[PDB]
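Starting off, we have a lone chain in the form deposited in one PDB entry, written out as structure tokens.
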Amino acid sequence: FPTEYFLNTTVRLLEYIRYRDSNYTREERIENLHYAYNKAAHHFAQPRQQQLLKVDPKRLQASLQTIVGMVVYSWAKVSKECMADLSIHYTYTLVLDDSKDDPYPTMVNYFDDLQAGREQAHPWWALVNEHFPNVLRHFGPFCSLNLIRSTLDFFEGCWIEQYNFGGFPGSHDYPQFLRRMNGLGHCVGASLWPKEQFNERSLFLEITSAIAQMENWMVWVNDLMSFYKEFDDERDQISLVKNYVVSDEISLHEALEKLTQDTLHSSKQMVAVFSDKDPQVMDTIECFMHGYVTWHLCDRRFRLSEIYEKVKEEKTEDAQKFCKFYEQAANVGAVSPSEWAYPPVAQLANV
């Protein structure tokens, strides 16, 4: 693991994007964290959900928390209810993103069942489509469509990932094709615009553009920050960076530089395009980026903590410019789960 080269880039992106979540107080975050968590936990604890969603209780609990965090810290300008509902949806998606089961047998009649109104055979679809309306009520038709599509894309993405395939050497189009499939880009980007706060028809071009640009910023920033936790990992192995290596036949270092250039560039352009656009829009966008990074740095899932401390023992300036940031975030978003994530889902389920 190029812990070395790891420092190098993360610092660039952070310094160039200039990570700094100012707006949004700790009391406010906690208030939201608990609202979302609470509604989601009660949801996932219902018997139906409990029996159709096959997940180890502890992974569910962990996933839920990582997601409530992500939504609350990035969808900073939406209502509490919207955060809660988005938290449920993104929790369903994450539970699948880490799973393993062939969907072939349950997808054989997908379309006929869909058109007929019969409950899907794949349990996941049964639960997600049943819950979906609670997510969709927060948006206009256009945005809704994007959510529906991206979630469908995501299902296929997980399907493909089950083959643990990084692409045929020479298949340069494979990597990004896959990252987009399992990235939920359009889902994320469109869910940033609740109809209660934005007029889908008045800001159509703004919203469309944001969906298109955010799709890449969002996934590439995650590929970058995750360049730690995913690796000697099992469900990983097939990451955008690792697929670049396999498919583009280049070194891990070269793929790394690539991701970085795309990321930095994507970042530069997000600003260039939205700075002068509608203020409300620029705020939702800026608040998302800062929150998204805050979440990456704060959530243990990405073990970003180490690469701060364990690089705190060595002055390489590239490992010190990194640390100037981490804390900068942990002091805003570092919150003990005992302050919001309670009681555990399992406890509500057996009640």
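The term rigid core refers to the maximal set of C-alpha atoms that superpose within 1.5 Å between the two forms. Residue positions are given as counts along the sequence shown, with the first one as 1.
Heads up, the form deposited in another entry isn't pictured, but that's what we're talking about next.
Mobile residue between this form and the one not shown, C-alpha criterion 2 Å or more, rigid core, from 253, 235, 180, 80: It is 235; the other listed residues stay below 2 Å.
C-alpha of residue 51 moved at least 2 Å between this form and the one not shown on rigid core: Result for residue 51: no, shift under 2 Å.
Shift of residue 318 between this form and the one not shown at or above 2 Å (CA, core fit): Moves: yes, 2 Å or greater.
Threshold 2 Å Cα movement between this form and the one not shown for residue 19, core superposed: Where the cores coincide, residue 19 still shows a C-alpha shift between this form and the one not shown that is 2 Å or more.
Direction of the Cα shift between residue 180 and residue 21 in the other form, where the change is 3 Å or more: Compared with the form shown here, the C-alpha atoms of residue 180 and residue 21 sit farther apart in the other form, by 3 Å or more.
Residue pair residue 21, residue 223 - Cα distance in the other form, closer or farther (3 Å or more): Farther apart, by at least 3 Å.
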